[PDB]
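Heads up, the chain below is alone and in the form deposited in one PDB entry; it's given as structure tokens.
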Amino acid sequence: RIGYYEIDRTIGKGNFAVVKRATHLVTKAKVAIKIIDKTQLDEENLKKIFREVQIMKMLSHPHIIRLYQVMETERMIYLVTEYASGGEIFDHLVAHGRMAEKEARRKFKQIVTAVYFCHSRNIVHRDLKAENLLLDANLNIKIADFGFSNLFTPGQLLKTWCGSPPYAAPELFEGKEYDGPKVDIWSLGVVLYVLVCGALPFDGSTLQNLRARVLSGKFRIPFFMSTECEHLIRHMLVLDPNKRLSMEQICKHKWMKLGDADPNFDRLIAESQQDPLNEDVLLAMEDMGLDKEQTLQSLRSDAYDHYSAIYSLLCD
């Protein structure tokens, strides 16, 4: 169907892309393929796709969707990534309703782990939403869609007004120059709210009504929500970005430290405040006809070509 892939069910839709499910024909692995038709793209949108690809090449994390191969024809551009066979947070909330604070805490820890990692590599997501927080086979978070993401310099103001309206920070609606991480922290507050409530803090019939709600900053806090959880959300959803919690303050919040001691979370957050070759895989690739030194050169040069994908997929 497409190169070495057998395409099937559509699993996602973007403004200019269609994400279809696919199988690697040589590795038998299950992957996702973002399909983009370059013919319907302006030069501003063509740059935003190439920026997304470069940003994804920098992010290798257990809770971020992993890019495997980038293929580009005269009129098409395909991004082959890992497939999350468990679903997405939005579908999970539609099927089962609000999560218990214990279940929500585990997923929220996984989200902040991946968002903190991004901010360490100087990248802001700018499109965190329930429908973009996928779930693997074990129901573990894998953040997807870095189309609206951008590189930032700590202390710089960004000027791209983008994001999912129900999760977008007030500054974005107001068209103000903003601090990247502070915009992601607001989205995280909405994500935490919707995880424990099964509903949005700011909602409406139209985008105009939704905007008025977000700019008000007022939101109902349900009876079932703990005092510790309410404090965390109220300190993330703050109209003044300077008065919002930082990523480090979120990770050390009383609600976050609740329940059993989580040293695996501490190890992942400490890694963000700062590998060898699988010789068995390299031998198997040599048997398929693929050159040993050419595979190593593809791996070290971040080519994300046929040799990179077969190595990365085989290491699973």
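When you see a residue number, it is the position in the sequence shown, counting from 1.
Trainee: Look at the other compared PDB entries that model both sides of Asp275, then say whether a third or more of them leave it out.
Mentor: Missing in at least a third of the others, so yes.
Trainee: Could you bin the unmodelled part of the deposited chain lying between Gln274 and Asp275 as none, 1 to 3, 4 to 9, or 10 or more?
Mentor: Unresolved stretch here: 4 to 9 residues.
Trainee: Identify the stretch, either 207 to 215 or 152 to 160, whose C-alpha atoms have the larger mean B-factor according to the entry.
Mentor: The recorded data point to 152 to 160.
Trainee: Compare the mean C-alpha B-factor of 276 to 284 with that of 30 to 38 as given in the PDB entry, and name the stretch with the higher value.
Mentor: 276 to 284 has the higher mean C-alpha B-factor.
Trainee: Among all modelled residues of this chain, ranked by Cα B factor, put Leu237 in the bottom, middle or top third, i.e. lowest, middle or highest.
Mentor: It falls in the middle third of the chain.
Trainee: Thinking about Cα B factors across the chain, which third does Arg267 belong to?
Mentor: Tercile = highest for this residue's CA B-factor.
Trainee: Consider only the C-alpha atoms of the modelled residues in this chain, order them by B-factor as the entry records it, and name the third containing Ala22: lowest, middle or highest.
Mentor: For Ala22, whose C-alpha B-factor we compare with every modelled residue in the chain, the answer is the lowest third.
Trainee: Using the B-factors in the PDB entry, rank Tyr116's C-alpha atom against the chain and give the third, lowest, middle or highest.
Mentor: Middle third by C-alpha B-factor.
Trainee: Place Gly175 in the lowest, middle or highest third of its chain's C-alpha B-factors, as listed in the PDB entry.
Mentor: It belongs to the highest third of the chain when residues are ordered by C-alpha B-factor.
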